[PDB]
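Novice: My sequence and its experimental structure, below.
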Amino acid sequence: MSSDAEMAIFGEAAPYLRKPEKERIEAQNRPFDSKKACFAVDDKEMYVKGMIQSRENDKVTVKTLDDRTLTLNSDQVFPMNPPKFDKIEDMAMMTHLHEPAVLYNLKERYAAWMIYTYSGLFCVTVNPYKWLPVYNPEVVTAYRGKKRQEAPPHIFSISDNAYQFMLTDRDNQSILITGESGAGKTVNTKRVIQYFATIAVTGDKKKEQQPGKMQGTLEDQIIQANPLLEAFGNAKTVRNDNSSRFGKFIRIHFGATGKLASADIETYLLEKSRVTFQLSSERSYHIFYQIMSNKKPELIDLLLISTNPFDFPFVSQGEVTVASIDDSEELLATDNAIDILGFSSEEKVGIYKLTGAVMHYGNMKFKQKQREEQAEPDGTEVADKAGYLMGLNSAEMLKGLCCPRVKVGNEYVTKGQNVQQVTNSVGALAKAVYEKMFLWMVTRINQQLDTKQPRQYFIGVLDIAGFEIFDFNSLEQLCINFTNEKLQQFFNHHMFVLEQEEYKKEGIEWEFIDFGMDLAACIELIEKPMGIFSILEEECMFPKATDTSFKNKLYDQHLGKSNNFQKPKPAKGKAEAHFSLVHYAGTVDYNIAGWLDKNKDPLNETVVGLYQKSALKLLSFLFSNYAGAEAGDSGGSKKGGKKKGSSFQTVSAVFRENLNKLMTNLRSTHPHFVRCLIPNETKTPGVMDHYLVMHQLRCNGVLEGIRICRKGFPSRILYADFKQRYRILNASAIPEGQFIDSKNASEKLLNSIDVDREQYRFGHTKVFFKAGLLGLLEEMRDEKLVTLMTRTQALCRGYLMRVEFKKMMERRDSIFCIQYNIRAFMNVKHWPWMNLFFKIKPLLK
Amino acid sequence: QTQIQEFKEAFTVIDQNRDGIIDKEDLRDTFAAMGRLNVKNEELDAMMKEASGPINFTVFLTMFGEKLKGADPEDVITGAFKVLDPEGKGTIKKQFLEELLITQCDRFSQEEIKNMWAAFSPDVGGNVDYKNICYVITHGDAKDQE
Amino acid sequence: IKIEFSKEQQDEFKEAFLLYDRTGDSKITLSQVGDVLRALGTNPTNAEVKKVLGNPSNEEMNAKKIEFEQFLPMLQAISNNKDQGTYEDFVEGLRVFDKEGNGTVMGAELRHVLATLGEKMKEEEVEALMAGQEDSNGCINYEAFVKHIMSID
Amino acid sequence: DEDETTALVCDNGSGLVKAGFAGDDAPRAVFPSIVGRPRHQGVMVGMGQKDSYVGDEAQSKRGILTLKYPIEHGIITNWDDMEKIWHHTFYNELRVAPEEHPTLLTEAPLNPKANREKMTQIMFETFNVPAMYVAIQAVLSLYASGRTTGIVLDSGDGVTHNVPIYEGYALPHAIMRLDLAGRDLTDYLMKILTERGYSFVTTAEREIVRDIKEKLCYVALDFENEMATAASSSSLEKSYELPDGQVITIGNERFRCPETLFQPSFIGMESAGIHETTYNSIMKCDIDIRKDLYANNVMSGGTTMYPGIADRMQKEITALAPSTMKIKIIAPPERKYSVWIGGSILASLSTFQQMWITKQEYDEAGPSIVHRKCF
Amino acid sequence: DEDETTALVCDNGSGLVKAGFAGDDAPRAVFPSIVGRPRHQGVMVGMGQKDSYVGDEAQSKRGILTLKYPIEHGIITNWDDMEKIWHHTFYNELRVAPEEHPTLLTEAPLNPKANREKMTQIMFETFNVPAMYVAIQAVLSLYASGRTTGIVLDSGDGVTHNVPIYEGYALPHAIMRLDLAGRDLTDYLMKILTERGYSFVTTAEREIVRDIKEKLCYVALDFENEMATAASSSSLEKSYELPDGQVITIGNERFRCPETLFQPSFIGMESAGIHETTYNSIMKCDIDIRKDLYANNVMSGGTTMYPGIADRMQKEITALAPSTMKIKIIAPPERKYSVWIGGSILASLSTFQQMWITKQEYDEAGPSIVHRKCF
Ligand SMILES: Nc1ncnc2c1ncn2[C@@H]1O[C@H](COP(=O)(O)OP(=O)(O)O)[C@@H](O)[C@H]1O
Ligand SMILES: Nc1ncnc2c1ncn2[C@@H]1O[C@H](COP(=O)(O)OP(=O)(O)O)[C@@H](O)[C@H]1O
């Protein structure tokens, strides 16, 4: 019955979604006046709500819900959202965006045991630490085969509607997912996977059926893979004990019409730089440590090594180990992991050995103490072993390392090699082998993953970590910020299109530009020619140039030139950084240690040439990609990089490469965005750490989110809607009736209100409201609401008095007689005649 | 014509003077039957002087005129009181009644109320009985009660 | 501008009230004094508008009838009194079933415990002089009636 | 579609054009710079030859052809011939439609401004490049090397220079010129061999002897000692087959011909040998710097490719120079393409990218715009 | 957070700025006072030089660069150039933020009030020093010394003064000027070396002679005899290595140069040479005090660093002064930084701290405040 609620309040599926009718009803009319009640900035908590005693000038005097009087600042006070707002689903709806408003709403819901909120497109769900019935299959019944509007936020929705969409719209779709540990990020993946399972079978459409061979279902197909791959990838950054090194696009595709054809995996992002080097409380990928431990010892011997991570420089650069780990056990596990995915141990031997080969290449010295300039190998210990594992000729290999020979129309000798250079090839070597192995592995899963079932259109999923800010930002960070930016711009553009469409449709005038664009100046600074990136790269070329020279270049180009480009001042101590940027983003400061040095990618042709021979795996990897073929110099490319003049290409060029590729796809498909959170450090329900979320929001960009919303005319309603509630504010005689034509009356209220036109516009169907008009409106009804109350009470009072009245009048005449007659008496009793007359009468017969 | 024709009688019995005027001896002589004394000079005549010549009944009426001025019937009075008494014949509550005269509208004085009390204003049960008070005064009194 | 009739009509209602108080005119009854004849305006209007500092009682002052004369008109002349139609909308907000029933207690307690109150007897009495019954009571009806004033015809 | 394009870097050599795509480690194209038609032009039955392509074709074609070098001594004298050549580079060798690519041209030292301009007008008007640059060959080579500081000995085809450089600065005044280089030396070997009684006059023969110059020759540890040794010399008598099949002997000749660089007097140039010109170049600079210059002597050009050149370079300087001084001779291993690589750096230099001349600039200012304030 | 801060003591020298923090024994930062840019300015392939750092760089930089000295003769002629130097000291060398520290600058003898005034405004407006003082360089030197009575001979870079002090008071009238100091000597030495057939005109060549003056030069026991000995002298000939690698021998010049201080006639100064001026100064003072002056006179400044200076000076002085009268010559061990130290103290004078000039004073009075009724 009445209430904004459906089906069954009580039933358990409801409670995360619903709120019970009673709870809602109590919620909506708690006390509220906008005027005092507000938010004040609190040093510790973040913000706090409080109320205003007094005003004059810039300083305002205030009392808090810790009820001391501070005198804050005029701006510094934050107006709260009106009562109408509370318990609100979609924060955007909130008329007053303010952060303590932000705390209040989601905070309030969550304690409620309401996890989910809808923010515009976004569907936010908080982590109830406690178990919640939501998951039930009874609830599922409620969901499936329904539209998303129809129910409050839930996975089965997103899984379903998209499933439908793919069929109707006949397009791939995408979802992204964020979540740190304690998101519940993993479960939802389980949940969604099954979801695919549920419909993928369902159909209404026929797609090629077979009785089947099997090998495990998708979902398991993926899961089996995980542990090993994350053994080898995955690691502990100084921050993050277990943070995946890599970015996973896990592709589940379906047929046109929503059959599942099958799945495949693509991987991108390997910072190999870890491999050599680790800084501080950090270490390499798990495996290195693992191998060295004594699960494995047959393997260690194949390696020909003494198990002790200390012993070798390649390993030794950072710390030996981390808590909380056990390299050995993880070794046992990983060997197990390798089995489960189910290859064929020779390849294992195989995959081990060659990663191992890397290590040996780690051994060999560089010298022939640079006769005179050239560096030549020292020991040929490793080169032979090297030679052997590959089966390539050590006389050759050594030579190939010593002095690579290369080709052109004529072949040249790549003199090329130096003492300094060479090592920056051994490591690169290591990184390459590993990655080629990784890649070759992946394709294999696809062969397996290849199911029966056909596919046109897939949905799914992107995982890579959120925007980060560090005490010490660096090449890693800036890239991430770079990636986020364009992404965010991508988002801005998308909705910009839609709104104006809507505005056009209604026919209310739009003057704006794509929301993304405002940012563009910033990103451009990074991206475009003479950008920080570009400039850095060519600086790479000059053999001569140094940090400073790079420093001046940026300075000359940008400093002061853009507001964007700014710099940290020395403080005490505290920090040193070369310069700072202001991305959309909020500002960021970066520092140098590494980057040009970190930069240097050089390809060594002859090694690749040499490598082509002998051991079967090696030939394959080095020769090229898996079965397939390529092209040449005809018809390409853009100044794609190709060589870069000599010395192969740097990172920045490839970064351009990847991102462009990423963008190409994303804009291909219809985005949806989910953000999962963890409420506060100590894990309790209800609970809201004001600081944490706030930081989250800006990083989330959700606040940004909100900012765009400012840009246009947020609140929208039908006129008919507008009239019904509001009229009580300004009444007229004529009956609400539908007597008052919606158009006329609402015209009448507005103007008689004397809002300026600027605030709103009509509207065949809708009236377009700006910020705040509603805030005015709501407030006034609030004040209105009270007064009539008192006036009714006035009425009741009159009722009393009026009723008294007749009784009163009635008494008056009775009284009047009383007074005079007795008074008549007072004289009479004395006056002689009166007495006599009375006596005389009875005398009469 | 009641009352005055009624009076007319009262005047004539005593009269027998000539012609119909009730002059000093009439008054004194009435008393004898009456049969209470009667200050036979003076007082009786002073009674005359409120009037300007011999009376003659008509002036007897006119002299009276103050008497007419306040007084409503008999009936109507009861009447006014009745409005007072939610209950029965029971009748008017004492404590109500004092309060209604004394502090209320045209105030009875401290004494003024008292005179009434002292006359006692027949009452019993710690209350009042109006009808017997009217029996004395308005009815004129023609008793009360032995 | 009033006008003999009129103010004079106001006078004798006034006259009696004086007569009650003993015989002179408080100040205080004021609101009631010409609530009786018709303007709704309520305590805070009364209190400031002239009774005494809102006239908790005696014996702070005394009006008197004539001074009171112009009060009745100006302290009148607004208009926003209140009004059966407007009330309903107020009533309705509570009504919540739109049934034009309430919910009788809810109800008395609303106007009681809300806005200014509003004593219990007064509430209880009015509703059933007003005579609309409990399941559930047209708060709109009650208001519509009570507004209209108690007689009607 | 993001943006940005290649650069056509063709190094106009007095004998070889090398042309390439920017960002290439080395040129895709190297072919001779000659123009030449059948000298006899027999007629025949039919045609189907290309009159004066000279191309690569000429080389295999030896005996038939005449030769001409429009760019004979490094400056393009003949625009008509030159147009022939560039056309060849674009369409034939590179096969690349010029209009698409901004093209960087190299140019000789002391190319007349007019000369530079005539080049421009042709590129825009003839080839219809969207854009182009002209650059300096010596300058290009320095770029490839990446030496800020030190003095360079860049002996090429037909010129030899010593350029002391301090913080990227060629010091104009220091620079010494040498007429002598490969083209000359090539003749010298020719003439000397004829001394034996062999006759190598012809064009065909010149090509031949050049081949012998580049295979066989070397420079001595000590000229005088080597000569004396020559009498007992078992080694020198190395033999060379001719395409006709006859086999000739050389080996006194092997060293004598190169000795010319050191003692240019052989041919009859008064000029100082490179070793002393080097010394003179350094002296021309200020004292304080010279220490560095001794430290970094870098060799350049094709005619500095003779083995043991550096060791000898080492000894000679040591001989001239002060007791304490540190002397280092550094030579890049594929030094000859130092000029192209050279342009490659500059050409695919995207910060610098404005530096390319554009059509509008050509239109507004003229070709001279290339000349006058940029390259 | 007790309360009290440092003082930035910058000492503006005619050839060297010395600067550091007060309360330190010696200037942390000492760098050439010059301004200089590529005279030739070649161009090259790029950039990353600074237009007129001079600073430290220049000296290594010798051969490329030019010098200017804004503060050439001790008074700051060029403000714009001046501003940059202060920037360099603060930011580049000292790496301090001017905002945080009160700063003490020192100025030359006969510096105009206007000059102080320009200085002052630059400090406050440009730099944002909280506080500022301007110190009298000789005075600072006096401070550093510690001696109340006696008479001082300060010869640094470019002026040499004799200054009697009695009870802390520099008797103004007494004080003597000689333009000659050691810039001149540097100049003189260039001349003399040239006569041999050596040449040192240039800027680089300037520095070199200075090195030679400072390492080699000495003052003779007796000038006349010294010349006499030279002929058979065999020590005199010591050798110096030029950066060029060539080696000069410096026989007589070593003493010849400093002789000038004693005999100004060498350069062409009419001036009385140092000893005479000293004497002239004392006699200028009252007879009685002179006893004290004689006993305490006192060497300062870079140009008093020559070994042999003191012993001679007494020999000369005693000759001039009367029989019985007692003479002492005193020289502080690290005399040259005597100016910086003296400032270092008085900037660092906490008790005195009220002296320092404030932003408010600057606003109210103007910069003039520092000038008038204080420093
Ligand atoms: N290995 C070599 N040994 C000796 N001379 C060589 C060698 N390779 C090339 N040359 C010569 O170098 C000259 C070309 O050098 P280069 O630097 O390209 O000249 P330029 O730039 O003046 O055209 C030709 O005379 C050629 O014969
Ligand atoms: N050891 C030394 N022997 C001789 N002259 C010296 C010595 N050290 C410094 N000088 C000279 O002293 C001069 C600098 O002295 P200084 O007192 O700082 O001068 P000013 O204060 O006038 O700038 C320079 O001419 C310098 O060459």
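Specialist: Good, I have the coordinates. Numbers count the residues shown, from 1 in each chain, chains lettered A, B, ... in the order given. Ligands and ions are numbered 1, 2, ... in the order given.
Novice: Kindly state the domain boundaries assigned to chain C.
Specialist: C:4-77, C:84-148 (automatic domain parsing).
Novice: Mean neighbour count for those - can I get that in TSV?
Specialist: For every residue, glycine as well, the C-beta is placed using N, CA and C. Putting those into TSV (neighbours: other Cβ atoms under 10 Å in any protein chain shown) gives the following:
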stretch	mean neighbour count
domain C:4-77	17
domain C:84-148	17
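Novice: what about those, which gets the closest to residue A:295?
Specialist: domain C:84-148 (69.6 Å; Cβ to Cβ).
Novice: buried ones in the helix or strand harbouring residue A:521?
Specialist: Assigned by DSSP states H and E, residue A:521 belongs to helix A:517-527. Within helix A:517-527, the residues that qualify as buried are A:519-520, A:522-523, A:525-527, counting by 16 or more other Cβ atoms under 10 Å in any protein chain shown.
Novice: If I take the following helix or strand past it and helix A:517-527, what angle do their directions form?
Specialist: For helix A:517-527, the succeeding helix or strand toward the C-terminus, using DSSP H and E, is helix A:532-541. In terms of direction (axes from the mean of the first three to the mean of the last three Cα atoms, to 10 degrees), helix A:532-541 departs from helix A:517-527 by 10 degrees.
Novice: which residues are contacting the helix or strand just after helix A:532-541?
Specialist: As assigned by DSSP H and E, the chain's next helix or strand after helix A:532-541 is helix A:547-558. Applying Cβ atoms under 8 Å, 6 or more residues apart in numbering or on different chains, the external contacts of helix A:547-558 come out as A:525, A:530, A:532, A:535-536, A:539, A:542, A:564-565, A:578-579, A:592, A:596, E:47-48.
Novice: who's in contact with the residue nearest the centre of chain C?
Specialist: Centroid-nearest residue in chain C, with Cα atoms, centre = their mean: residue C:40, separated by 4.8 Å. Contacts here follow Cβ under 8 Å, 6+ apart; on that basis residue C:40 touches A:791, A:794-795, A:798, C:81-82.
Novice: Just give me the closest of the buried residues of helix A:517-527 to chain E.
Specialist: Of all those, chain E sits closest to residue A:525, with 20.6 Å by Cβ to the nearest Cβ.
Novice: which non-adjacent residue is nearest the closest one?
Specialist: residue A:564 (5.7 Å; Cβ to Cβ, 6 or more residues apart in numbering or on different chains).
Novice: go on, residue A:538?
Specialist: residue D:351 (4.8 Å).
Novice: Tell me the spacing between that neighbour and chain C.
Specialist: 70 Å (Cβ to the nearest Cβ, to the nearest Å).
Novice: how deep is the residue of the stretch 251-375 of chain D found nearest ligand 2 tucked in, by neighbour count?
Specialist: Closest residue of the stretch 251-375 of chain D to ligand 2, Cβ to the nearest ligand atom: residue D:288 (18.6 Å). Counted with other Cβ atoms under 10 Å in any protein chain shown, residues neighbouring residue D:288 total 22.
Novice: how about it, what does it touch?
Specialist: Each residue near residue D:288 by Cβ under 8 Å, 6+ apart is listed here: E:62-63, E:204, E:208, E:243-244.
Novice: filter those residues down to the ones near chain D?
Specialist: Counting by Cβ under 8 Å from any Cβ of the partner chain, E:62-63, E:204, E:208, E:243-244 from those sit close to chain D.
Novice: what about the residue of the stretch 251-375 of chain D closest to ligand 2, distance to residue A:573?
Specialist: Distance, residue D:288 to residue A:573, using Cβ to Cβ, to the nearest Å: 40 Å.
Novice: quick one, domains of chain A?
Specialist: Taken from automatic domain parsing, chain A resolves into A:1-30, A:475-592, A:715-845.
Novice: Wondering if the longest one reaches chain C at all.
Specialist: Read it as domain A:715-845. Yes. Part of domain A:715-845 sits near chain C under the criterion Cβ under 8 Å from any Cβ, namely A:727-728, A:731, A:733, A:735-736, A:785-786, A:788-803, A:805, A:808-809, A:812.
Novice: Let's verify the closest residue in space to residue A:47 that isn't next to it in sequence: helix, strand, or coil?
Specialist: Excluding the flanking residues, the one nearest residue A:47 by Cβ to Cβ, 6+ apart is residue A:100, at 3.5 Å. For residue A:100, the secondary structure call by DSSP: H, G, I helix; E, B strand; the rest coil comes out as helix.
Novice: Quick check, the residue in the stretch 151-300 of chain D closest to ligand 1?
Specialist: residue D:182 (1.7 Å).
Novice: what's that residue in contact with, if anything?
Specialist: Counting by Cβ under 8 Å, 6+ apart, the residues that residue D:182 touches are D:15, D:156-158, D:213, D:302-303.
Novice: Helices of chain C, start to end?
Specialist: Secondary structure of chain C (DSSP state H): helices located at C:4-21, C:30-33, C:43-49, C:65-77, C:84-95, C:104-113, C:120-130, C:139-148.
Novice: out of those helices, nearest to ligand 2?
Specialist: helix C:43-49 (86.3 Å).
Novice: Weed out the non-buried ones from the residues of domain A:715-845 next to chain C.
Specialist: For those, buried by 16+ other Cβ under 10 Å: A:727-728, A:736, A:788-803, A:805, A:808, A:812.
Novice: tell me the two of the contacts of residue D:182 that are most distant?
Specialist: The widest separation within the contacts of residue D:182 (Cβ to Cβ) is 14.6 Å, between D:156 and D:213.
Novice: More neighbours: which of these two?
Specialist: residue D:156 (27 against 23).
Novice: for chain B, what are the nearby residues on the stretch 701-845 of chain A?
Specialist: Residues of the stretch 701-845 of chain A found near chain B (Cβ under 8 Å from any Cβ) are A:810-826, A:828-829, A:832-834, A:837-842, A:844.
Novice: and the residues you listed, which are buried?
Specialist: A:811-812, A:814-815, A:817-819, A:821-822, A:824-825, A:828, A:834, A:837-838, A:840.
Novice: any idea where the strands of the stretch 151-300 of chain D begin and end?
Specialist: Along the stretch 151-300 of chain D, counting by DSSP state E, counting those that start in this stretch, strands occupy D:160-166, D:169-170, D:176-178, D:239-241, D:247-249, D:297-300.
Novice: so which of those gets nearest chain C?
Specialist: If you check each of the strands of the stretch 151-300 of chain D against chain C by Cβ to the nearest Cβ, strand D:169-170 wins as the nearest, at 87.9 Å.
Novice: Run the chain-centre distance for that closest one.
Specialist: Averaged C-alpha coordinates place strand D:169-170 at 20 Å from its chain's average position (Cα atoms, centre = their mean, to the nearest Å).
Novice: With stretch A:722-730 instead?
Specialist: 39 Å.
Novice: between the contacts of helix A:547-558, which is nearest chain B?
Specialist: When those are compared against chain B (criterion: Cβ to the nearest Cβ), the nearest one is residue A:564, at 87.5 Å.
Novice: surely the closest one meets residue A:581?
Specialist: Yes. Using Cβ atoms under 8 Å, residue A:564 is in contact with residue A:581, at 5.9 Å.
Novice: Can you work out which residues contact both of these two?
Specialist: In contact with both residue A:564 and residue A:581: A:522, A:525, using Cβ under 8 Å, 6+ apart.
Novice: Tell me which of those two has more neighbours.
Specialist: Taking other Cβ under 10 Å, residue A:564 and residue A:581 do not tie; residue A:581 has more neighbours (23 against 17).
Novice: and the more buried one, helix, strand or coil?
Specialist: Strictly by three-state DSSP, residue A:581 counts as strand.
Novice: My guess is it contacts residue A:567. True?
Specialist: No. Counting by Cβ under 8 Å, residue A:581 stays clear of residue A:567, with 9.8 Å between them.
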